[PDB]
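Trainee: Have a peek at model28.cif (mmCIF, C-alpha atoms and all ligand atoms).
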```cif
data_model
loop_
_atom_site.group_PDB
_atom_site.id
_atom_site.type_symbol
_atom_site.label_atom_id
_atom_site.label_comp_id
_atom_site.auth_asym_id
_atom_site.auth_seq_id
_atom_site.Cartn_x
_atom_site.Cartn_y
_atom_site.Cartn_z
ATOM 1 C CA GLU G 64 -31.368 -3.067 -43.025
ATOM 2 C CA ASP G 65 -29.894 -0.964 -45.848
ATOM 3 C CA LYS G 66 -26.369 0.372 -46.492
ATOM 4 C CA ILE G 67 -25.236 4.007 -46.855
ATOM 5 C CA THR G 68 -22.174 5.859 -48.153
ATOM 6 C CA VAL G 69 -19.784 7.714 -45.830
ATOM 7 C CA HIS G 70 -16.806 9.767 -46.916
ATOM 8 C CA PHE G 71 -13.814 10.081 -44.565
ATOM 9 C CA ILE G 72 -11.180 12.762 -44.845
ATOM 10 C CA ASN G 73 -7.969 11.274 -43.450
ATOM 11 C CA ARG G 74 -5.258 13.010 -41.463
ATOM 12 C CA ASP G 75 -3.310 12.788 -44.750
ATOM 13 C CA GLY G 76 -5.979 14.846 -46.502
ATOM 14 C CA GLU G 77 -7.006 11.891 -48.583
ATOM 15 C CA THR G 78 -10.701 11.069 -49.029
ATOM 16 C CA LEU G 79 -11.816 7.500 -48.476
ATOM 17 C CA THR G 80 -15.312 6.554 -49.618
ATOM 18 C CA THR G 81 -16.913 3.489 -48.094
ATOM 19 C CA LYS G 82 -20.265 1.905 -47.353
ATOM 20 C CA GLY G 83 -21.718 1.168 -43.909
ATOM 21 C CA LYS G 84 -24.812 -0.579 -42.576
ATOM 22 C CA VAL G 85 -27.485 1.547 -40.963
ATOM 23 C CA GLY G 86 -27.196 0.966 -37.192
ATOM 24 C CA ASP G 87 -23.386 0.426 -37.244
ATOM 25 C CA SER G 88 -21.091 2.805 -35.320
ATOM 26 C CA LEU G 89 -18.583 4.832 -37.279
ATOM 27 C CA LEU G 90 -15.882 2.845 -35.494
ATOM 28 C CA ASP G 91 -17.467 -0.352 -36.812
ATOM 29 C CA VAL G 92 -17.309 1.162 -40.293
ATOM 30 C CA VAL G 93 -13.619 1.958 -40.028
ATOM 31 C CA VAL G 94 -12.781 -1.523 -38.692
ATOM 32 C CA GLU G 95 -15.127 -3.729 -40.713
ATOM 33 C CA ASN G 96 -13.891 -2.057 -43.927
ATOM 34 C CA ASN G 97 -10.204 -2.008 -42.940
ATOM 35 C CA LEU G 98 -9.638 1.690 -43.763
ATOM 36 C CA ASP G 99 -6.165 3.287 -43.722
ATOM 37 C CA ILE G 100 -6.501 5.203 -40.384
ATOM 38 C CA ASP G 101 -3.714 4.566 -37.900
ATOM 39 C CA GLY G 102 -4.469 4.523 -34.160
ATOM 40 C CA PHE G 103 -8.242 4.920 -34.525
ATOM 41 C CA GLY G 104 -10.343 3.164 -31.869
ATOM 42 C CA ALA G 105 -7.755 1.987 -29.353
ATOM 43 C CA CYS G 106 -10.327 1.145 -26.616
ATOM 44 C CA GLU G 107 -12.438 -0.783 -29.140
ATOM 45 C CA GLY G 108 -15.463 1.386 -28.463
ATOM 46 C CA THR G 109 -15.691 1.101 -24.671
ATOM 47 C CA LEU G 110 -15.577 4.866 -24.058
ATOM 48 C CA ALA G 111 -12.108 4.732 -22.575
ATOM 49 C CA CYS G 112 -9.962 6.527 -25.164
ATOM 50 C CA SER G 113 -10.353 9.607 -27.318
ATOM 51 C CA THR G 114 -8.935 8.064 -30.457
ATOM 52 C CA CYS G 115 -12.293 7.622 -32.294
ATOM 53 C CA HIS G 116 -12.574 11.435 -32.414
ATOM 54 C CA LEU G 117 -14.301 12.654 -35.596
ATOM 55 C CA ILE G 118 -15.492 16.012 -36.879
ATOM 56 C CA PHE G 119 -18.961 16.183 -38.451
ATOM 57 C CA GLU G 120 -20.798 18.350 -40.961
ATOM 58 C CA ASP G 121 -23.021 21.093 -39.489
ATOM 59 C CA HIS G 122 -26.362 19.574 -40.422
ATOM 60 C CA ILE G 123 -25.407 16.056 -39.336
ATOM 61 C CA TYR G 124 -23.952 17.193 -35.986
ATOM 62 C CA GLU G 125 -27.146 19.088 -35.151
ATOM 63 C CA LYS G 126 -29.174 15.848 -35.377
ATOM 64 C CA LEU G 127 -26.948 13.472 -33.373
ATOM 65 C CA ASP G 128 -28.180 11.815 -30.198
ATOM 66 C CA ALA G 129 -27.611 13.992 -27.124
ATOM 67 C CA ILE G 130 -24.127 13.407 -25.728
ATOM 68 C CA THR G 131 -23.979 11.278 -22.545
ATOM 69 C CA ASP G 132 -21.884 12.220 -19.532
ATOM 70 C CA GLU G 133 -19.714 9.190 -20.197
ATOM 71 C CA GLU G 134 -18.940 10.261 -23.765
ATOM 72 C CA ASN G 135 -18.359 13.817 -22.646
ATOM 73 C CA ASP G 136 -15.713 12.757 -20.154
ATOM 74 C CA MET G 137 -13.654 11.113 -22.866
ATOM 75 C CA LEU G 138 -14.468 13.750 -25.454
ATOM 76 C CA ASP G 139 -12.988 16.400 -23.192
ATOM 77 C CA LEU G 140 -9.665 14.587 -23.589
ATOM 78 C CA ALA G 141 -9.794 14.586 -27.387
ATOM 79 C CA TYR G 142 -6.842 16.504 -28.818
ATOM 80 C CA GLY G 143 -8.008 19.477 -30.863
ATOM 81 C CA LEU G 144 -11.608 19.332 -29.637
ATOM 82 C CA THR G 145 -13.999 21.318 -31.818
ATOM 83 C CA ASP G 146 -17.589 22.414 -31.646
ATOM 84 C CA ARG G 147 -18.413 19.677 -34.230
ATOM 85 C CA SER G 148 -16.508 16.883 -32.494
ATOM 86 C CA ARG G 149 -17.932 13.584 -31.324
ATOM 87 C CA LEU G 150 -16.512 10.161 -30.530
ATOM 88 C CA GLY G 151 -17.180 8.191 -33.702
ATOM 89 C CA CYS G 152 -17.784 5.052 -31.778
ATOM 90 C CA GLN G 153 -20.875 6.370 -30.075
ATOM 91 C CA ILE G 154 -22.330 7.689 -33.338
ATOM 92 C CA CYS G 155 -24.539 5.255 -35.238
ATOM 93 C CA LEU G 156 -25.374 5.519 -38.926
ATOM 94 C CA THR G 157 -28.883 6.673 -39.787
ATOM 95 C CA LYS G 158 -30.467 6.723 -43.237
ATOM 96 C CA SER G 159 -30.128 10.546 -43.329
ATOM 97 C CA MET G 160 -26.332 10.284 -43.084
ATOM 98 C CA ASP G 161 -25.933 8.963 -46.651
ATOM 99 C CA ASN G 162 -23.042 10.773 -48.426
ATOM 100 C CA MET G 163 -21.929 12.678 -45.341
ATOM 101 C CA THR G 164 -18.272 13.532 -44.873
ATOM 102 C CA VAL G 165 -16.508 13.166 -41.522
ATOM 103 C CA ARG G 166 -12.925 14.267 -40.928
ATOM 104 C CA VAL G 167 -10.293 12.455 -38.870
ATOM 105 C CA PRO G 168 -8.472 15.197 -36.966
ATOM 106 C CA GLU G 169 -4.762 15.238 -36.218
ATOM 107 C CA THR G 170 -3.480 13.600 -33.055
ATOM 108 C CA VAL G 171 -1.347 15.199 -30.392
ATOM 109 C CA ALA G 172 1.614 13.269 -31.878
ATOM 110 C CA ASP G 173 1.136 14.893 -35.319
ATOM 111 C CA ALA G 174 1.297 18.397 -33.841
ATOM 112 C CA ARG G 175 4.069 17.810 -31.378
ATOM 113 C CA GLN G 176 7.294 19.437 -32.545
ATOM 114 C CA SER G 177 9.257 18.499 -29.436
ATOM 115 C CA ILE G 178 9.066 16.286 -26.343
ATOM 116 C CA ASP G 179 8.980 18.320 -23.131
ATOM 117 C CA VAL G 180 11.661 18.164 -20.466
ATOM 118 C CA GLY G 181 10.247 16.055 -17.689
ATOM 119 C CA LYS G 182 10.314 17.221 -14.129
ATOM 120 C CA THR G 183 8.752 16.091 -10.835
ATOM 121 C CA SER G 184 9.343 19.517 -9.264
ATOM 122 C CA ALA G 185 10.865 22.989 -9.650
ATOM 123 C CA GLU G 186 12.628 22.392 -6.300
ATOM 124 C CA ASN G 187 16.427 22.856 -6.184
ATOM 125 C CA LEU G 188 18.466 19.820 -5.238
ATOM 126 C CA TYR G 189 20.248 21.772 -2.452
ATOM 127 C CA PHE G 190 16.928 22.359 -0.637
ATOM 128 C CA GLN G 191 15.754 18.798 -1.353
ATOM 129 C CA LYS Z 66 4.795 -2.681 1.206
ATOM 130 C CA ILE Z 67 6.662 0.213 -0.387
ATOM 131 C CA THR Z 68 6.027 3.936 -0.151
ATOM 132 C CA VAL Z 69 5.348 6.113 -3.216
ATOM 133 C CA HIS Z 70 4.695 9.817 -3.333
ATOM 134 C CA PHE Z 71 2.425 11.217 -6.050
ATOM 135 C CA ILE Z 72 2.454 14.904 -6.826
ATOM 136 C CA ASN Z 73 -1.093 15.605 -7.909
ATOM 137 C CA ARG Z 74 -2.215 18.092 -10.628
ATOM 138 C CA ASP Z 75 -3.061 20.549 -7.827
ATOM 139 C CA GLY Z 76 0.579 20.522 -6.675
ATOM 140 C CA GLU Z 77 -0.165 18.525 -3.549
ATOM 141 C CA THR Z 78 1.777 15.441 -2.382
ATOM 142 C CA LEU Z 79 -0.080 12.200 -1.740
ATOM 143 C CA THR Z 80 1.820 9.491 0.108
ATOM 144 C CA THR Z 81 0.657 5.906 -0.122
ATOM 145 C CA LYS Z 82 1.873 2.309 0.043
ATOM 146 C CA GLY Z 83 1.856 -0.437 -2.637
ATOM 147 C CA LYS Z 84 2.676 -4.151 -2.741
ATOM 148 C CA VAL Z 85 5.631 -5.218 -4.896
ATOM 149 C CA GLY Z 86 4.505 -6.180 -8.403
ATOM 150 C CA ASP Z 87 1.496 -3.893 -8.417
ATOM 151 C CA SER Z 88 1.355 -1.389 -11.218
ATOM 152 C CA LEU Z 89 1.144 2.271 -10.385
ATOM 153 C CA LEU Z 90 -2.390 2.251 -11.779
ATOM 154 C CA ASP Z 91 -2.994 -0.580 -9.337
ATOM 155 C CA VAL Z 92 -1.702 1.630 -6.506
ATOM 156 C CA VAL Z 93 -3.722 4.686 -7.532
ATOM 157 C CA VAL Z 94 -6.926 2.669 -7.793
ATOM 158 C CA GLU Z 95 -6.603 0.349 -4.754
ATOM 159 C CA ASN Z 96 -5.857 3.370 -2.465
ATOM 160 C CA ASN Z 97 -8.514 5.759 -3.936
ATOM 161 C CA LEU Z 98 -6.120 8.599 -4.616
ATOM 162 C CA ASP Z 99 -8.092 11.631 -5.707
ATOM 163 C CA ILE Z 100 -6.665 11.905 -9.251
ATOM 164 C CA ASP Z 101 -9.388 12.801 -11.769
ATOM 165 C CA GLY Z 102 -9.828 10.355 -14.662
ATOM 166 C CA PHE Z 103 -6.621 8.357 -14.185
ATOM 167 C CA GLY Z 104 -6.677 4.947 -15.921
ATOM 168 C CA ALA Z 105 -9.847 5.008 -18.064
ATOM 169 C CA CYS Z 106 -8.967 1.806 -19.999
ATOM 170 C CA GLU Z 107 -8.275 -0.088 -16.763
ATOM 171 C CA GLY Z 108 -4.715 -0.849 -17.834
ATOM 172 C CA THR Z 109 -5.228 -2.411 -21.250
ATOM 173 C CA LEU Z 110 -2.870 -0.096 -23.165
ATOM 174 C CA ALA Z 111 -5.653 1.755 -24.780
ATOM 175 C CA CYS Z 112 -5.574 5.276 -23.338
ATOM 176 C CA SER Z 113 -3.032 7.740 -22.135
ATOM 177 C CA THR Z 114 -4.724 8.672 -18.878
ATOM 178 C CA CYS Z 115 -2.220 6.742 -16.677
ATOM 179 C CA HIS Z 116 0.583 9.043 -17.781
ATOM 180 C CA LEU Z 117 3.130 9.729 -15.034
ATOM 181 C CA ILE Z 118 6.436 11.556 -14.716
ATOM 182 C CA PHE Z 119 9.314 9.791 -12.984
ATOM 183 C CA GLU Z 120 12.517 10.825 -11.255
ATOM 184 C CA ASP Z 121 15.660 10.712 -13.457
ATOM 185 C CA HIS Z 122 17.267 7.715 -11.808
ATOM 186 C CA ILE Z 123 14.138 5.614 -11.524
ATOM 187 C CA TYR Z 124 13.155 6.336 -15.099
ATOM 188 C CA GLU Z 125 16.434 5.148 -16.549
ATOM 189 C CA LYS Z 126 16.127 1.618 -15.133
ATOM 190 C CA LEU Z 127 12.407 1.049 -15.849
ATOM 191 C CA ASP Z 128 11.509 -1.981 -17.941
ATOM 192 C CA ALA Z 129 12.181 -1.455 -21.616
ATOM 193 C CA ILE Z 130 9.184 0.211 -23.254
ATOM 194 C CA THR Z 131 7.226 -1.956 -25.662
ATOM 195 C CA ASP Z 132 5.767 -0.899 -28.967
ATOM 196 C CA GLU Z 133 2.255 -1.250 -27.557
ATOM 197 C CA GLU Z 134 3.079 1.069 -24.687
ATOM 198 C CA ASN Z 135 4.900 3.443 -26.935
ATOM 199 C CA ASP Z 136 2.004 3.762 -29.394
ATOM 200 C CA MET Z 137 -0.202 5.017 -26.568
ATOM 201 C CA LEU Z 138 2.428 6.976 -24.716
ATOM 202 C CA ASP Z 139 2.874 8.953 -27.968
ATOM 203 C CA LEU Z 140 -0.704 10.064 -27.505
ATOM 204 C CA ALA Z 141 -0.111 11.403 -23.953
ATOM 205 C CA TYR Z 142 -0.686 15.152 -23.538
ATOM 206 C CA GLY Z 143 2.496 16.898 -22.559
ATOM 207 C CA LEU Z 144 4.757 13.910 -23.225
ATOM 208 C CA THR Z 145 8.048 14.298 -21.410
ATOM 209 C CA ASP Z 146 11.436 12.745 -21.604
ATOM 210 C CA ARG Z 147 10.607 11.236 -18.221
ATOM 211 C CA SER Z 148 7.144 9.953 -19.103
ATOM 212 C CA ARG Z 149 5.713 6.445 -18.978
ATOM 213 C CA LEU Z 150 2.327 4.796 -18.676
ATOM 214 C CA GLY Z 151 1.721 3.935 -15.037
ATOM 215 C CA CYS Z 152 -0.388 0.861 -15.736
ATOM 216 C CA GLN Z 153 2.753 -0.750 -17.294
ATOM 217 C CA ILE Z 154 5.184 0.302 -14.526
ATOM 218 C CA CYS Z 155 5.382 -2.257 -11.714
ATOM 219 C CA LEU Z 156 6.648 -1.635 -8.190
ATOM 220 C CA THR Z 157 9.983 -3.076 -7.134
ATOM 221 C CA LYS Z 158 11.576 -3.017 -3.644
ATOM 222 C CA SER Z 159 14.065 -0.470 -5.114
ATOM 223 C CA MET Z 160 11.373 2.122 -5.782
ATOM 224 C CA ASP Z 161 10.557 2.585 -2.060
ATOM 225 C CA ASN Z 162 10.033 6.309 -1.243
ATOM 226 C CA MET Z 163 10.231 7.564 -4.860
ATOM 227 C CA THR Z 164 8.199 10.443 -6.176
ATOM 228 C CA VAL Z 165 6.185 10.626 -9.411
ATOM 229 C CA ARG Z 166 4.121 13.527 -10.802
ATOM 230 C CA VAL Z 167 0.666 13.486 -12.387
ATOM 231 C CA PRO Z 168 0.749 15.801 -15.376
ATOM 232 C CA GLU Z 169 -2.161 17.963 -16.432
ATOM 233 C CA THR Z 170 -4.619 16.738 -18.996
ATOM 234 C CA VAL Z 171 -5.459 18.452 -22.253
ATOM 235 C CA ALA Z 172 -8.798 19.571 -20.684
ATOM 236 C CA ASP Z 173 -6.914 21.246 -17.845
ATOM 237 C CA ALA Z 174 -4.725 23.017 -20.476
ATOM 238 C CA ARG Z 175 -7.715 24.061 -22.580
ATOM 239 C CA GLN Z 176 -8.891 27.641 -22.610
ATOM 240 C CA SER Z 177 -11.427 27.229 -25.395
ATOM 241 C CA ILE Z 178 -13.080 24.775 -27.775
ATOM 242 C CA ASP Z 179 -12.205 25.368 -31.435
ATOM 243 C CA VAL Z 180 -14.426 26.009 -34.414
ATOM 244 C CA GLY Z 181 -15.123 22.706 -36.125
ATOM 245 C CA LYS Z 182 -14.503 22.579 -39.862
ATOM 246 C CA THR Z 183 -14.944 19.506 -42.063
ATOM 247 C CA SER Z 184 -12.706 21.440 -44.473
ATOM 248 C CA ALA Z 185 -11.321 24.813 -45.523
ATOM 249 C CA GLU Z 186 -11.197 26.806 -48.712
ATOM 250 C CA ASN Z 187 -9.424 29.956 -49.894
ATOM 251 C CA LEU Z 188 -11.758 30.989 -52.634
ATOM 252 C CA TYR Z 189 -9.584 34.049 -53.120
ATOM 253 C CA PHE Z 190 -8.137 31.538 -55.708
ATOM 254 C CA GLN Z 191 -11.314 30.224 -57.478
HETATM 255 S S1 LIG G 201 -12.904 3.852 -29.418
HETATM 256 FE FE1 LIG G 201 -12.184 4.455 -27.469
HETATM 257 S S2 LIG G 201 -13.725 5.944 -27.153
HETATM 258 FE FE2 LIG G 201 -14.330 5.421 -29.133
HETATM 259 S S1 LIG G 202 -4.666 2.761 -17.989
HETATM 260 FE FE1 LIG G 202 -5.240 3.091 -20.091
HETATM 261 S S2 LIG G 202 -3.209 2.718 -20.847
HETATM 262 FE FE2 LIG G 202 -2.642 2.799 -18.738
HETATM 263 K K K G 203 6.004 19.536 -26.607
HETATM 264 K K K G 204 -8.623 25.600 -28.394
#
```
Take the structure I supplied and represent it as structure tokens, if you would.

Mentor:
Amino acid sequence: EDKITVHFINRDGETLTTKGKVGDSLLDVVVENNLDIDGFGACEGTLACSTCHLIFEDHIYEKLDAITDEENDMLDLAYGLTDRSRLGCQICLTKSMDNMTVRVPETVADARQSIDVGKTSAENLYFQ
Amino acid sequence: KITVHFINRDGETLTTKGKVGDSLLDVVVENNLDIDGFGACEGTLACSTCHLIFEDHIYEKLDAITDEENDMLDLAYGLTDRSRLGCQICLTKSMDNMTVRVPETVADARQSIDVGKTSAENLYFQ
């Protein structure tokens, strides 16, 4: 089976070009080529995190396998979910993906300006 | 067996009992507490779904957070200064009758899905 080219736009805004085998997941591509993306693929592709979140080009997105309920559950928890988002670890390379660009979106940690004040209730100590 | 109170996302209190040494994920799971989606990664420090909020005094004396826990706790939605990952917090006799809260998920917070863009341009400057 042949190899194809995939471009990644990093959170940094830097473009990484790499080559992946047809049939490999985009997570596999990130890992097997040791790309500079921090935090990506925490659950190691077992549909238990949202860290493999990627954004796809219009015409690639349109052609992706229908999203399973399982994926959708975890995709709902992706930070900054878009109408071109999928979990990269469920998306397998096809020949028609050659020279596509996917973007790695920012995490909740990148956007967070402050840590909230934690609280178990609004209840006044006097009452409690 | 010690008693823990969970304040659910609905605002409702669930009271349940856990063995010493069990994690709070353990407790949630073993007693089938209706908490949607809590502990996806089954306690392998690979999600943020076991996020819980603790009382001041309990929080302070919890086991020192590890880097592994902290990397994932950074990815929790609505991180608080009283937040930890429940799958890493084990019951002690001293925790009997404490209260924790389950914070809302990003999906609960969400009012709409955004427009996806691989990238932007301001061709006003071509
Ligand atoms: S790696 Fe965890 S869901 Fe894709
Ligand atoms: S259960 Fe996934 S990290 Fe706690
Ligand atoms: K905040
Ligand atoms: K939105």

Trainee: Hey, which of Z:112, Z:85, Z:141, Z:163 ends up closest to ligand K 203 (chain G)? Count all atoms listed in the file.

Mentor: Z:141

Trainee: List, as a PyMOL selection string, every residue that the PyMOL selection byres ((chain Z) within 6 of (chain G and not hetatm)) selects in the file provided.

Mentor: chain Z and resi 105-106+111-112+139-140+144-147+166+171-172+178-181+183

Trainee: Output C-alpha atoms for every residue in the selection just made, as a PDB file, in the frame of the given file.

Mentor:
```pdb
ATOM      1  CA  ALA Z 105      -9.847   5.008 -18.064  1.00  0.00           C
ATOM      2  CA  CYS Z 106      -8.967   1.806 -19.999  1.00  0.00           C
ATOM      3  CA  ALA Z 111      -5.653   1.755 -24.780  1.00  0.00           C
ATOM      4  CA  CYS Z 112      -5.574   5.276 -23.338  1.00  0.00           C
ATOM      5  CA  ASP Z 139       2.874   8.953 -27.968  1.00  0.00           C
ATOM      6  CA  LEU Z 140      -0.704  10.064 -27.505  1.00  0.00           C
ATOM      7  CA  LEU Z 144       4.757  13.910 -23.225  1.00  0.00           C
ATOM      8  CA  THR Z 145       8.048  14.298 -21.410  1.00  0.00           C
ATOM      9  CA  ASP Z 146      11.436  12.745 -21.604  1.00  0.00           C
ATOM     10  CA  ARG Z 147      10.607  11.236 -18.221  1.00  0.00           C
ATOM     11  CA  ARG Z 166       4.121  13.527 -10.802  1.00  0.00           C
ATOM     12  CA  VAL Z 171      -5.459  18.452 -22.253  1.00  0.00           C
ATOM     13  CA  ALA Z 172      -8.798  19.571 -20.684  1.00  0.00           C
ATOM     14  CA  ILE Z 178     -13.080  24.775 -27.775  1.00  0.00           C
ATOM     15  CA  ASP Z 179     -12.205  25.368 -31.435  1.00  0.00           C
ATOM     16  CA  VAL Z 180     -14.426  26.009 -34.414  1.00  0.00           C
ATOM     17  CA  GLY Z 181     -15.123  22.706 -36.125  1.00  0.00           C
ATOM     18  CA  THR Z 183     -14.944  19.506 -42.063  1.00  0.00           C
TER      19      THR Z 183
END
```

Trainee: Let me know the residues the PyMOL selection byres (((not hetatm)) within 7 of (chain G and resi 202)) catches in the file above, as a compact mmCIF listing (two decimals) with C-alpha atoms, in the frame of the given file.

Mentor:
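Contents of part28.txt, as written:
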```
# COMPACT_ATOMS: atom_id res chain seq x y z
CA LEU Z 90 -2.39 2.25 -11.78
CA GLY Z 104 -6.68 4.95 -15.92
CA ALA Z 105 -9.85 5.01 -18.06
CA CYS Z 106 -8.97 1.81 -20.00
CA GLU Z 107 -8.28 -0.09 -16.76
CA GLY Z 108 -4.72 -0.85 -17.83
CA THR Z 109 -5.23 -2.41 -21.25
CA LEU Z 110 -2.87 -0.10 -23.16
CA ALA Z 111 -5.65 1.76 -24.78
CA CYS Z 112 -5.57 5.28 -23.34
CA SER Z 113 -3.03 7.74 -22.14
CA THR Z 114 -4.72 8.67 -18.88
CA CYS Z 115 -2.22 6.74 -16.68
CA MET Z 137 -0.20 5.02 -26.57
CA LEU Z 150 2.33 4.80 -18.68
CA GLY Z 151 1.72 3.94 -15.04
CA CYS Z 152 -0.39 0.86 -15.74
CA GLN Z 153 2.75 -0.75 -17.29
```

Trainee: Using only C-alpha atoms, determine which residues lie at most 7 Å from residue Z:168, disregarding the query and same-chain residues fewer than 2 positions distant; provide the list as JSON, numbers by chain.

Mentor: {"Z": [74, 117, 166, 170]}

Trainee: Take the point (3.6, 6.9, -7.4) in the file's coordinates, draw a sphere of radius 12 Å around it, and report as a VMD selection string every protein, DNA or RNA residue with an atom inside or on it, counting all atoms listed in the file.

Mentor: (chain G and resid 183) or (chain Z and resid 67 to 73 78 to 83 87 to 94 96 98 100 115 to 120 123 149 to 152 154 to 157 160 to 167)

Trainee: Write the residues of the selection above to a file with C-alpha atoms, as a JSON list (two decimals), in the frame of the given file.

Mentor:
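Saved the output as part_23.json:
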```
[["chain", "number", "residue", "atom", "x", "y", "z"],
["G", 183, "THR", "CA", 8.75, 16.09, -10.84],
["Z", 67, "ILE", "CA", 6.66, 0.21, -0.39],
["Z", 68, "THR", "CA", 6.03, 3.94, -0.15],
["Z", 69, "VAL", "CA", 5.35, 6.11, -3.22],
["Z", 70, "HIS", "CA", 4.70, 9.82, -3.33],
["Z", 71, "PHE", "CA", 2.42, 11.22, -6.05],
["Z", 72, "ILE", "CA", 2.45, 14.90, -6.83],
["Z", 73, "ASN", "CA", -1.09, 15.60, -7.91],
["Z", 78, "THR", "CA", 1.78, 15.44, -2.38],
["Z", 79, "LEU", "CA", -0.08, 12.20, -1.74],
["Z", 80, "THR", "CA", 1.82, 9.49, 0.11],
["Z", 81, "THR", "CA", 0.66, 5.91, -0.12],
["Z", 82, "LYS", "CA", 1.87, 2.31, 0.04],
["Z", 83, "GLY", "CA", 1.86, -0.44, -2.64],
["Z", 87, "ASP", "CA", 1.50, -3.89, -8.42],
["Z", 88, "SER", "CA", 1.36, -1.39, -11.22],
["Z", 89, "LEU", "CA", 1.14, 2.27, -10.38],
["Z", 90, "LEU", "CA", -2.39, 2.25, -11.78],
["Z", 91, "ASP", "CA", -2.99, -0.58, -9.34],
["Z", 92, "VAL", "CA", -1.70, 1.63, -6.51],
["Z", 93, "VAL", "CA", -3.72, 4.69, -7.53],
["Z", 94, "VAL", "CA", -6.93, 2.67, -7.79],
["Z", 96, "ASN", "CA", -5.86, 3.37, -2.46],
["Z", 98, "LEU", "CA", -6.12, 8.60, -4.62],
["Z", 100, "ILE", "CA", -6.66, 11.90, -9.25],
["Z", 115, "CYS", "CA", -2.22, 6.74, -16.68],
["Z", 116, "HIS", "CA", 0.58, 9.04, -17.78],
["Z", 117, "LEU", "CA", 3.13, 9.73, -15.03],
["Z", 118, "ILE", "CA", 6.44, 11.56, -14.72],
["Z", 119, "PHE", "CA", 9.31, 9.79, -12.98],
["Z", 120, "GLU", "CA", 12.52, 10.82, -11.26],
["Z", 123, "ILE", "CA", 14.14, 5.61, -11.52],
["Z", 149, "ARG", "CA", 5.71, 6.44, -18.98],
["Z", 150, "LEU", "CA", 2.33, 4.80, -18.68],
["Z", 151, "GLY", "CA", 1.72, 3.94, -15.04],
["Z", 152, "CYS", "CA", -0.39, 0.86, -15.74],
["Z", 154, "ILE", "CA", 5.18, 0.30, -14.53],
["Z", 155, "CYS", "CA", 5.38, -2.26, -11.71],
["Z", 156, "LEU", "CA", 6.65, -1.64, -8.19],
["Z", 157, "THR", "CA", 9.98, -3.08, -7.13],
["Z", 160, "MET", "CA", 11.37, 2.12, -5.78],
["Z", 161, "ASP", "CA", 10.56, 2.58, -2.06],
["Z", 162, "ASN", "CA", 10.03, 6.31, -1.24],
["Z", 163, "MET", "CA", 10.23, 7.56, -4.86],
["Z", 164, "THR", "CA", 8.20, 10.44, -6.18],
["Z", 165, "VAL", "CA", 6.18, 10.63, -9.41],
["Z", 166, "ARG", "CA", 4.12, 13.53, -10.80],
["Z", 167, "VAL", "CA", 0.67, 13.49, -12.39]]
```

Trainee: Using the file's own x, y and z axes, what box holds all listed atoms of stretch 90-97 of chain G with 6 Å on each side, keeping edges along x, y and z, and what are its centre and edge lengths in Å to one decimal, as lines of an AutoDock Vina configuration file?

Mentor:
```
center_x = -13.8
center_y = -0.4
center_z = -39.7
size_x = 19.3
size_y = 18.6
size_z = 20.4
```

Trainee: For atom CA of residue G:190 and atom CA of residue Z:174, determine how far apart the two atoms are, in Å to one decimal place.

Mentor: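 Separating atom CA of residue G:190 from atom CA of residue Z:174 is a distance of 29.4 Å.
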
Trainee: Taking only C-alpha atoms and all ligand atoms into account, which of G:123, G:163, G:130, G:115 comes nearest ligand LIG 201 (chain G)?

Mentor: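 Closest residue, counting only C-alpha atoms and all ligand atoms: G:115.
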
Trainee: Can you work out the spacing between atom CA of residue G:77 and atom CA of residue G:94 in Å, to one decimal?

Mentor: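 The value is 17.6 Å.
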
Trainee: Just to confirm, what's the straight-line distance from atom CA of residue G:86 to atom CA of residue G:64 in Å (one decimal)?

Mentor: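 Computed distance, atom CA of residue G:86 to atom CA of residue G:64, equals 8.2 Å.
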
Trainee: Run the PyMOL selection byres (((chain G and resi 65) around 8) and not hetatm) against the file shown and list the residues it catches, as a ChimeraX atom specification.

Mentor: /G:64,66-67,84-85

Trainee: Using all atoms listed in the file, which residue out of G:125, G:186, G:91, G:169 lies closest to ligand LIG 201 (chain G)?

Mentor: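 Comparing G:125, G:186, G:91, G:169 against ligand LIG 201 (chain G), the winner is G:91.
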
Trainee: Using only C-alpha atoms and all ligand atoms, which of the listed residues (Z:143, Z:187, Z:169, Z:175) sits closest to ligand K 203 (chain G)?

Mentor: Z:143
